[PDB]
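Q: The structure follows.
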Amino acid sequence: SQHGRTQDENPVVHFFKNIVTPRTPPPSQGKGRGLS
């Protein structure tokens with residue numbers, strides 16, 4: 001996973017974004033990065 005201030009993206013959310021957004025969704029983040 002990637003590091004940042006963004007919450008760990010779920011693979012289900014990624015799939016959702018794949019459907020509704022033609023642009024490549026952002027990569028999943030480390031667990032707890034959203035709170036960091």
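Please note that chains go A, B, ... in the order of the structure tokens, that every chain numbers its residues from 1, and that ligands are numbered from 1 in the order shown.
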Within chain A, find each residue whose DSSP state, derived from the backbone, is alpha helix (DSSP H), and express the selection as a list in words.
A: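 Of chain A, only residues 11, 12, 13, 14, 15, 16, 17, 18, 19 and 20 of chain A fall in alpha helix (DSSP H).
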Q: Report, in Å with one decimal, the straight-line distance from CA of residue 2 in chain A to CA of residue 25 in chain A.
A: 13.2 Å
Q: Could you name the residues that touch residue 6 in chain A at 7 Å or less, counting only C-alpha atoms, but leaving out those on the same chain fewer than 5 positions away, as a VMD selection string?
A: chain A and resid 29 33 to 34
Q: Could you save the residues just selected, with C-alpha atoms, as a CSV table (one decimal), in the first residue's frame?
A:
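Dumped to again.csv:
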chain,number,residue,atom,x,y,z
A,29,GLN,CA,-3.3,3.5,1.4
A,33,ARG,CA,-3.0,6.7,7.2
A,34,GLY,CA,-6.4,8.4,7.1
Q: Using only C-alpha atoms, determine which residues lie at most 10 Å from residue 27 in chain A, disregarding the query and same-chain residues fewer than 5 positions distant; provide the list as a count of residues only.
A: 9
